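Asks: My sequence and its experimental structure, below.
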Amino acid sequence: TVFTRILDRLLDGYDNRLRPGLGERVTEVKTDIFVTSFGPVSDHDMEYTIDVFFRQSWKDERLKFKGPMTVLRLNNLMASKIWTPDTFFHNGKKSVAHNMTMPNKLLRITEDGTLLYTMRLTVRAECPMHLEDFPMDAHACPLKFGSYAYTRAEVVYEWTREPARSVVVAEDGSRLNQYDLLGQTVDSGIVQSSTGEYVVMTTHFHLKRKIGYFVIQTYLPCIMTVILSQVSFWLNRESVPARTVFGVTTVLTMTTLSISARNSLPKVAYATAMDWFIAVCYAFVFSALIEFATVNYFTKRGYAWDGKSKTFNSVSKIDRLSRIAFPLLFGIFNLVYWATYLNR
Amino acid sequence: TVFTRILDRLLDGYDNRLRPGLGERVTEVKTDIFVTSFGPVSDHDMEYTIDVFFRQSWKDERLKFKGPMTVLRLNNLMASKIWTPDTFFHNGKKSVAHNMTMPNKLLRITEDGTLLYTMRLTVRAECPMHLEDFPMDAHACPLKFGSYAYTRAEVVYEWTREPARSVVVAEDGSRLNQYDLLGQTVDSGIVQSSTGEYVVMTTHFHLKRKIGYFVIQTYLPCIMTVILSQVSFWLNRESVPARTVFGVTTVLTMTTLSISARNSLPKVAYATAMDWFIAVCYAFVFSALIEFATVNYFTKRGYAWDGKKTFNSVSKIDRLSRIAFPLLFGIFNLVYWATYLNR
Amino acid sequence: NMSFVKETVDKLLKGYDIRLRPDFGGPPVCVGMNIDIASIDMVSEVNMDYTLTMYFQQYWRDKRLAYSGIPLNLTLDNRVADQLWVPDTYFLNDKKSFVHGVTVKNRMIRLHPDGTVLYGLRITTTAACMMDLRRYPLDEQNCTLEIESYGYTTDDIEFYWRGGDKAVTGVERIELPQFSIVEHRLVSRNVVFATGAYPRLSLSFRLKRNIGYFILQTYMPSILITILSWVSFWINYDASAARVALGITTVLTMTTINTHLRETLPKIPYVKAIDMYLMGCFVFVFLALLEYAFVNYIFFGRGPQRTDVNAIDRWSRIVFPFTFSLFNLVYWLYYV
Amino acid sequence: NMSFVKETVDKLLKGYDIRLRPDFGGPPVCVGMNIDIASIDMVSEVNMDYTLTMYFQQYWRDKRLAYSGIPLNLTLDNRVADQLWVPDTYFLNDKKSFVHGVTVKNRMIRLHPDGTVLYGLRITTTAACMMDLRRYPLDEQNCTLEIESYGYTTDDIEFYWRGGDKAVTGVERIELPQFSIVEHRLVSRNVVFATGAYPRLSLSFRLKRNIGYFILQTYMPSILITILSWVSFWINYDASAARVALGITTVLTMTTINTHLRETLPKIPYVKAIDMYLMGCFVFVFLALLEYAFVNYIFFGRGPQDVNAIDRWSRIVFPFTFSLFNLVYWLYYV
Amino acid sequence: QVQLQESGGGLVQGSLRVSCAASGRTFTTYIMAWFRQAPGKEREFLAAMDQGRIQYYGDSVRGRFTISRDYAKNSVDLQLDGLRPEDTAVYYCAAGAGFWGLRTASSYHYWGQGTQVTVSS
Amino acid sequence: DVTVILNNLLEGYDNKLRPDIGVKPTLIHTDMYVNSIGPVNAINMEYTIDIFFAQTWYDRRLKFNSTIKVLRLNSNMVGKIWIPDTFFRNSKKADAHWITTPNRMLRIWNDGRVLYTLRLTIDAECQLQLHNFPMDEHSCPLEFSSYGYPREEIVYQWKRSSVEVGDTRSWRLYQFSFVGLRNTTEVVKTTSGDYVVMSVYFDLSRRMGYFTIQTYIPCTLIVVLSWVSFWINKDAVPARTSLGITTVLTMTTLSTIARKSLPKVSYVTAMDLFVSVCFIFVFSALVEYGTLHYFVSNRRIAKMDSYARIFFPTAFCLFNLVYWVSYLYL
Ligand SMILES: *[C@@H]1O[C@H](CO)[C@@H](O[C@@H]2O[C@H](CO)[C@@H](O[C@@H]3O[C@H](CO[C@H]4O[C@H](CO)[C@@H](O)[C@H](O[C@H]5O[C@H](CO)[C@@H](O)[C@H](O)[C@@H]5O)[C@@H]4O)[C@@H](O)[C@H](O[C@H]4O[C@H](CO)[C@@H](O)[C@H](O)[C@@H]4O)[C@@H]3O)[C@H](O)[C@H]2NC(C)=O)[C@H](O)[C@H]1NC(C)=O
Ligand SMILES: *[C@@H]1O[C@H](CO)[C@@H](O[C@@H]2O[C@H](CO)[C@@H](O[C@@H]3O[C@H](CO[C@H]4O[C@H](CO)[C@@H](O)[C@H](O[C@H]5O[C@H](CO)[C@@H](O)[C@H](O)[C@@H]5O)[C@@H]4O)[C@@H](O)[C@H](O[C@H]4O[C@H](CO)[C@@H](O)[C@H](O)[C@@H]4O)[C@@H]3O)[C@H](O)[C@H]2NC(C)=O)[C@H](O)[C@H]1NC(C)=O
Ligand SMILES: CCCCCCCC(=O)OC[C@H](COP(=O)(O)O[C@@H]1[C@H](O)[C@H](O)[C@@H](OP(=O)(O)O)[C@H](OP(=O)(O)O)[C@H]1O)OC(=O)CCCCCCC
Ligand SMILES: CCCCCCCC(=O)OC[C@H](COP(=O)(O)O[C@@H]1[C@H](O)[C@H](O)[C@@H](OP(=O)(O)O)[C@H](OP(=O)(O)O)[C@H]1O)OC(=O)CCCCCCC
């Protein structure tokens, strides 16, 4: 009863089209973020998903009241009837303000005109990536929000408390498959748009990729294919179709693994770290078949040694060399590879 | 200030729930379509996207003005406060009224009360296709549109300029991957419902599929798989695992090509032309490996022949197959690519 | 019969302020909850979600909507729900939801003459539940739905499940093509966020994965490929192009199983429990090929230097089926 | 202070018909535009389109909004753009666009004391391309964005790129993963229709494709598989299973590469350049098996009626022919 | 090889435009920044600009220096103004991807050589 | 004239109040024209239908006296009249249409009878019993009821010519075929009262030409490909082994697409039973050759070539007789 005429008295002399203190001073908006669940980081789109309860607060002198209550916890219809800063995420792609079952917005008015206006957002944000250490890389995924129409002279953003404690990531909402979340970095910036200067808040979420999926699906297949293509030496030199079928099939296996591992990725112009590994392993399996061609150039007979003993063939010299040469070079390459890239 | 008074004179009591000349006459709406981009024809949904400028004009006595201008060009906001015909597309699935940056609608009133109400639409229109000559086929995809609430004795649609010159496509905006546009055909008809009889415009588009994709992805791989199977006949007869590997892999190759050529089609429950070609080419490859089994019943000599006792003959069904299978395959190509390139 | 009903409705809606909850300076409003589930549409392991179509109902009393005289339960048109107060309840698990809109928006308003009002929605939501896949595809992942007010704290609103053991009906008549829903638990609790304490209801249903798709697709062909790797122990050691091609085509077939079983699945960074089995079976095939390399190097390499071929072959025929039986023993008693 | 501003705004818009072009019977309005491109997200050859995110901005001088006394520029709430005139500009290349919604509908209204108003939109559109992929993946793709007035003709509205060549900014900040923007042009032209002549603007890029991704994925394994087809020349004619298995396995590997590239790429009627290259490599691979059939037939069939000379000749012929083919190929397209 | 080669003077009564013209890699994606090192082994974060035209300023320099990148020419241009005698130090051009970045010197994996800019009062 | 009639009908009309709100259940006669049943999603267990959904009722607050006798109105009046909240009980993506105008209509006669007809597309759920795959049939339903009004407030009823099928030859029924139509009327007991649920059933039999030319012909002919080995010599052990193991690899490839043709059911379907029997046949053929080569060469079996040549095609034809007769006719 009383609160009806209180709210009517508030909306009597009110305009929701112009900033509080339009010709007097800046409007200090005190922003705040509660990250409930940091959603899955789509590499192919170079994006990620985040769901946040987006807090804002400012002071409007026109919304002072006196009554039985201190704070008016209200319906979001009145939040649509009142000025609200046009905060937009600078790197959102297709972001959704949830309205099931009602628009998830709370407006709270304390009696001295200090508004609280929190939304519940899902921001499909744009994280530019440097995948040159794929998959053993790590990079900062930013989240940057400013006003759209109000300059530095009109609306200035802050954080409610100290910046690194303001943005809170909740614990139950991991929602990450590959990446790990090592922490955020809360800051503040200024842009220089054609229209004018603006205040830009910034959080940089830091993500290091777990390489367990990529080891299992790409590295151990390539490693065991190379182990196979080096097992071919311990056959004899006379089993020409055995070593022939052996070498060209492991080549086919490496070609299959090549295309089916590069598929899990965007189409960048350089070569990633997994590309270096796949190319070197494919060079080993290529060199195994060139080695057998070099063996078969010097065969000089047609049969092999019978168990009961004409001449025979000896075990060839490049066979005895390559049995020790190629697994040693593969072990050296593994040492150099997994000491180089697990440094960064 | 003057034109504001003119528009307020127009909208004095204008009930937009009444057909103009409600009890008087039958409303003659002049329609016109400008196709900007005849978009991608989806085979797997049997539809086609089309992006049109949809013009429709009529005469409204309730909107007569006598002001400084003969024709006044309006914002689209007044077009919700004026009667517009409820023109819908009969074969429409999920189509788009464009709203960037404003609702893309214009409304022009001439001073004698003749309206011109055009909009831009992206129309995922249905097209039933007969795929009995896939992919050597033609199509006839319609644009059926009429009024939804008003019958034949209440509204009549016409074409504005001529029938055959109304539906004019753009010259730069083709936007077809697989298809020729072999001209359009307009036609007016009448659909009888239980609720009444309804004036229905149609416009058919005549689409012929360009053939070269399936030539270089399905036909030529199957042709050269058959030739690759016929490579095996020009060996000897003693190399049993060699010819075995030839025949088995070429059967496997034809199975892979069969599946990955069917995957470019909706699951029609009969045989297309591609089904005939792949099945017959699969029969050629399978007959080649049956031929090697026929030879390998007759082998009798495990040793090969030297460059220097008895040895083994050439198994003259080898010669008979080398003459037969390329001849039969070439005759079948002549039969195929003279039959279906006239249907 | 009609004028009196219209007078009562227009008397109720006149002066009714929808910016205020009931008892706006008084007690917290108690909201009853009630869910009838139509279906669970999909449960995707790729997107870590599940689509849920349900009938979602909210009782509360409202003393500004108490009408006297009429003995009816007044069911109004759904367009009066824009003219009433409703609890602004959200779903914390929600990714993408919509109230169905054919032929109208699916709301009901059933005003009762003591002020009680049913407000029932028809929601298709797409909720997100994490899936611990360390026991895939034998896993019984648990997925929850969290129902919670947004703007009103625990001192403004209170939820409860109505008939708290049997508030959610229709759990049994959900027929998932992959899962069987073993049980569902109704739990009421609060939370503490930074602005206030909020009441939260949880509708979680456990989900056993039925395994017949994987016996027919993955496990049984892995067994039979592992056994067909062992045809090359009953093949003579001189036949190199028999035993080598057998083992090579066997590792090819295991590779082509691995291709489709990495295509079907998310990119989780560990061993799926379907990978323990397939890596172990790949090890058996790999050791079956290493056996021929071992036999060939002993006979044709350590031969003229002058311990048996047939002894190693007989030993492998005894050991490898016994070893694979022990592997299946450990594998099917570790998880089940 | 502030009630004067509210009074000024309320007396601007009382008596303001928003269904009327400025100077409704007189000269056309000179609507000047400005595009600040945020990103280009995907450039899809499958759907022949690209997603473009931009800060699309428009100036025009609406004479009925010319206030007085207030020394500042009136930056208002976005919802007052419902109570103004705005131009009906659309995009012909557009398939599915949206003004962003979080946290509000991203509009701006910035009034000026002469009556100038700015209307800014953050638009993420999806513009279409007629991609000519005959030289794929060594092509220069041209893609446009055709801005045009819908209802008002050239007698009612005029479009100029405000700033000349520096209207569209932010082009140099775009780092596409597999393209490289060479030029963007800014074309202003009138377009006739049946209904009249309308002003069209044209922001239009040129996307040149980075070429290293396909060398890694497709070209280099094609080269190395075609090379490993030639191991059969260093194997005896007696070893039949060896030469037949490598020749059969290399036609299988080329088959797998081509099936992967036909799964990636759209349904185009002609033969692309990467398909010309794979057809050429498959010709070499197929001839490397026809050679063994030829050798096997000459020795074992025409025997009692040279053999090693074929291998000695072909070891010189086939690397020379393959290098000659790569010379002609990579000098035709690059 | 990536080179971050600076320009601009190092002695003033004034204002100064200290540039950094890169080569070898386009750093449009990268956050190009300027560091001040006073004697005392203290790399201090002056200014850094993101790819999306966002200027980040240090606390001691907030409102004095202006940073501006040219993404065509791959440069960063720290404009100097209001030069106190305490700005006598070494000015490094930096570049990186800021993992645990924009406030730390270890986040940058590409560097300039440095330039002593000396103020005489 | 007509404007005066319409303003008299809305002078004091309240659309929030059902006709006969305290009197009697409002009887609503529903009519339906099916334009096209679209592609039946076997995976998601859906089907697209395209209906023209007509309703009539008596609204006695809309009586008027005139010469006009019928008010054939737009969709603009629909938001000003009580409209029944008819929802679809088994829909998942239920759309109306909105191009170019709303595709609703309204016709009011002088006595109070109101026609109401709108165009809908509905991805309607049906529980696909995929036993006898791909030789089954379904009756995929389509239901509707009111949402807020119980049986005591709205009762639905069919008309005589109830569900009007179109011409059936422009439908997208790919694997299926229209064979039956069967309406019904029943009452459910929901928690919030009891409702009157109309339902249409669509009986759908199956078409047998897709899975013939995709799975049956290749699996059977590749089983015969495995049988080719038995005319092929005993001495050439790598040739026979390559035959057997590559046919095993071929069956392992085809089993993936056989399960890909269906949603991931927890049992074994009849298609996959056939594929599994074919894989066991190729498995048994390779194990047969391994046993043959060990018993003879490594040290009757000497006729087991000729025993298998007779046994395997005859056993496959006996299995064809049992399988095809028991899963087509029985
Ligand atoms: C799927 O996964 C989800 C999440 O893991 C599972 O959800 C969990 O279910 C269990 C029940 O099976 C929940 O435990 C219950 O918690 C409630 C809380 O009630 C509250 O109110 C009390 C006053 O009425 C108050 O005392 C409580 O405070 C206590 O607990 C909190 C922590 O919750 C603690 O901080 C306090 O110090 C107090 O100790 C609390 O505010 C509770 O009502 C239940 O208690 C009853 O049942 C137990 C026996 O089970 C009995 O011992 C008690 O006497 C009482 O009768 C119970 O403890 C748990 O909170 C849920 N977790 C989440 C995250 O929602 C879900 O079960 C899984 N489903 C499947 C498929 O298995
Ligand atoms: C991608 O693909 C698109 C489409 O193919 C390319 O776009 C085309 O680019 C060219 C080059 O930039 C454009 O030509 C220019 O057009 C402008 C506009 O002139 C228009 O308006 C004038 C009035 O303002 C009018 O006078 C012009 O009419 C003349 O030309 C027409 C031609 O039919 C003729 O009929 C008339 O009689 C007139 O002669 C016209 O309507 C024009 O200003 C440009 O001229 C400048 O440059 C030329 C040299 O190029 C120079 O001679 C002039 O002095 C002046 O400096 C120029 O003619 C063309 O309009 C575009 N077409 C479309 C459909 O957009 C695009 O370039 C491709 N690449 C890229 C990188 O995007
Ligand atoms: C990719 C590698 C390419 C290597 C190209 C190397 C090309 C090259 O020059 O090969 C020659 C030779 C091959 O020797 P290999 O053991 O293969 O062959 C023996 C050789 O031919 C003898 O001459 C024969 O005896 P004889 O005396 O005639 O009676 C002998 O006959 P048999 O009595 O046994 O029947 C053959 O077995 O290799 C090296 O000397 C080691 C090179 C190490 C090179 C290591 C490079 C890494
Ligand atoms: C699909 C093909 C089906 C073919 C089915 C064919 C089934 C069939 O029965 O073939 C028999 C024969 C092929 O036998 P083929 O030439 O392979 O084998 C020779 C045959 O056994 C001779 O009798 C032997 O001669 P001889 O006694 O020692 O003097 C000769 O011994 P040798 O010389 O080594 O010492 C063998 O090599 O072909 C025809 O007669 C014409 C058939 C035309 C068939 C034309 C088919 C195109």
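Replies: Now that the structure is in, tell me what you want to look at. Numbers count the residues shown, from 1 in each chain, chains lettered A, B, ... in the order given. Ligands and ions are numbered 1, 2, ... in the order given.
Asks: how about the helices in chain C?
Replies: Ranges of helices in chain C, per DSSP state H, are C:3-13, C:212-214, C:220-228, C:240-263, C:275-300, C:310-334.
Asks: nearest spatial neighbour of the residue of the stretch 101-250 of chain F found nearest ligand 4, skipping sequence neighbours?
Replies: The stretch 101-250 of chain F approaches ligand 4 most closely through residue F:231 (11.3 Å), counting by C-beta to the nearest ligand atom. From N, CA and C alone the C-beta is placed, and that goes for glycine too. Closest residue to residue F:231 apart from its sequence neighbours, by C-beta to C-beta, 6 or more residues apart in numbering or on different chains: residue B:293 at 4.3 Å.
Asks: Residue C:251 too?
Replies: Nearest non-adjacent residue to residue C:251, counting by C-beta to C-beta, 6+ apart: residue C:285, 5.6 Å away.
Asks: what number of residues lie near the one you found?
Replies: Here the count is done by other C-beta atoms under 10 Å in any protein chain shown, and residue C:285 has 22 residues near it.
Asks: surely it meets residue C:252?
Replies: No: Residue C:285 is beyond contact range of residue C:252, at 10.0 Å (criterion: C-beta atoms under 8 Å).
Asks: quick one, what contacts the residue of the stretch 101-250 of chain F closest to ligand 4?
Replies: Applying C-beta atoms under 8 Å, 6 or more residues apart in numbering or on different chains to residue F:231 gives the contacts B:293, B:294, B:296, B:297, F:309.
Asks: ok, of the residues you listed, which one's closest to ligand 3?
Replies: Nearest to ligand 3 among those: residue B:296, at 34.2 Å, using C-beta to the nearest ligand atom.
Asks: just checking, that closest one touches residue F:234?
Replies: No: here residue B:296 does not reach residue F:234: they are 10.9 Å apart, not a contact under C-beta under 8 Å.
Asks: Between the two, which is the more surrounded one?
Replies: Shown here are residue B:296 and residue F:234; by other C-beta under 10 Å, residue B:296 has more neighbours (20 against 15).
Asks: Report the separation between the more buried one and residue F:133.
Replies: For residue B:296, the distance to residue F:133 equals 39 Å [C-beta to C-beta, to the nearest Å].
Asks: Excluding chain neighbours, what is closest to the closest residue to chain E within the stretch 101-250 of chain F?
Replies: Going by C-beta to the nearest C-beta, chain E is nearest to residue F:123 of the stretch 101-250 of chain F, at 40.9 Å. Leaving out its chain neighbours, the residue that sits closest to residue F:123 by C-beta to C-beta, 6+ apart is residue F:93, at 4.0 Å.
Asks: Pairing partners for the helix or strand harbouring that neighbour, with directions?
Replies: Under the criterion of DSSP states H and E, residue F:93 resides in strand F:91-96. Sheet pairing of strand F:91-96 (DSSP bridges) gives strand F:113-125 (antiparallel).
Asks: Packing partners of the helix or strand just after the partner strand?
Replies: Per DSSP H and E, strand F:113-125 leads on to strand F:138-146 as the next helix or strand towards the C-terminus. Judged by 3 or more C-beta pairs under 8 Å, 6 or more residues apart in numbering or on different chains; DSSP states H and E, strand F:138-146 is in contact with strand F:86-87, strand F:113-125, strand F:154-165, strand F:176-189, strand F:194-206.
Asks: ok, and for strand F:138-146, which residues are buried?
Replies: By 16 or more other C-beta atoms under 10 Å in any protein chain shown, the buried positions in strand F:138-146 come out as F:138, F:140, F:141, F:142, F:143, F:144, F:145, F:146.
Asks: same question, stretch E:4-22
Replies: Neighbour counts over stretch E:4-22 (16+ other C-beta under 10 Å) mark E:4, E:6, E:16, E:18, E:19, E:20, E:21, E:22 as buried.
Asks: Stretch E:85-97: end-to-end distance?
Replies: Stretch E:85-97 has an end-to-end distance of 32 Å (C-alpha to C-alpha, to the nearest Å).
Asks: can you give me how far it is from the chain middle?
Replies: 5 Å (C-alpha atoms, centre = their mean, to the nearest Å).
Asks: Likewise for stretch F:152-170?
Replies: The chain centre lies 19 Å from the centre of stretch F:152-170; the measure is C-alpha atoms, centre = their mean.
Asks: What are the structural domain limits within the chain?
Replies: Picking chain A for this. Annotated domains of chain A cover A:1-210, A:211-344 [curated CATH domains].
Asks: um, chain F though
Replies: F:1-207, F:208-330.
Asks: Kindly reformat the ones you listed as TSV containing distance to ligand 3.
Replies: Converted to TSV, those look like this (distance: least, C-beta to the nearest ligand atom, whole Å):
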stretch	distance to ligand 3
domain F:1-207	52
domain F:208-330	25
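Asks: Relative to residue B:242, which of these is closest?
Replies: In this view, those are compared for proximity to residue B:242 by C-beta to C-beta, and domain F:208-330 is the closest at 8.5 Å.
Asks: Specify the helix with the largest residue count in chain F.
Replies: Ranked by residue count under DSSP H, the longest helix found in chain F is helix F:270-296.
Asks: That one and chain C, are they touching?
Replies: Yes: judged by C-beta under 8 Å from any C-beta of the partner chain, helix F:270-296 comes into contact with chain C at F:272, F:276, F:279, F:283, F:286, F:287, F:290, F:291, F:293, F:294.
Asks: will you turn those residues into TSV that also has distance to residue B:120 and neighbour count?
Replies: TSV is the format used below for the residues of helix F:270-296 next to chain C (distance: C-beta to C-beta, whole Å; neighbours: other C-beta atoms under 10 Å in any protein chain shown):
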residue	distance to residue B:120	neighbour count
F:272	50	21
F:276	55	17
F:279	56	22
F:283	62	20
F:286	64	23
F:287	68	17
F:290	70	23
F:291	74	14
F:293	74	22
F:294	77	16
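Asks: and those residues, which two are the farthest apart?
Replies: So, those by C-beta to C-beta: farthest apart are F:272 and F:294, at 32.4 Å.
Asks: And the strands in chain E?
Replies: Ranges of strands in chain E, per DSSP state E, are E:3-6, E:11-12, E:16-23, E:32-38, E:42-49, E:54-57, E:69-70, E:75-80, E:89-95, E:110-111, E:116-119.
Asks: need the contact list for the residue of chain E found nearest ligand 1.
Replies: The nearest approach of chain E to ligand 1 comes at residue E:100, 31.6 Å away (C-beta to the nearest ligand atom). By C-beta under 8 Å, 6+ apart, the contact list for residue E:100 reads A:140, A:182, A:183, A:185, A:206, E:106, E:107.
Asks: List the backbone torsions phi and psi for it.
Replies: Dihedral pair for residue E:100: phi 50, psi 50, per degrees, to the nearest 10.
Asks: how much space between it and residue A:133?
Replies: From residue E:100 to residue A:133 the distance is 16 Å (C-beta to C-beta).
Asks: Could you list the residues of the stretch 101-250 of chain C in contact with chain D?
Replies: residue C:241.
Asks: which stretches of the stretch 101-250 of chain C form strands?
Replies: C:107-111, C:116-128, C:140-143, C:146-149, C:157-161, C:168-169, C:179-180, C:184-192, C:197-209 (DSSP state E, counting those that start in this stretch).
Asks: count of neighbours near residue F:198?
Replies: Using other C-beta under 10 Å, residue F:198 has 21 neighbouring residues.
Asks: what are the bridge partners for it, then?
Replies: Beta-bridge partners recorded for residue F:198 (DSSP bridges): residue F:144, residue F:185.
Asks: ok, now residue E:69?
Replies: Here residue E:69 sits in beta bridges with residue E:76, going by DSSP bridges.
Asks: Give me the nearest residue to whichever residue of chain C sits closest to chain D, chain neighbours excluded.
Replies: Proximity of chain C to chain D (C-beta to the nearest C-beta) peaks at residue C:241, 6.1 Å away. Leaving aside its sequence neighbours, residue C:241 sits nearest to residue F:238 (C-beta to C-beta, 6+ apart; 3.8 Å).
Asks: Need the three-state assignment for that neighbour.
Replies: Assigned by DSSP: H, G, I helix; E, B strand; the rest coil, the conformation of residue F:238 is helix.
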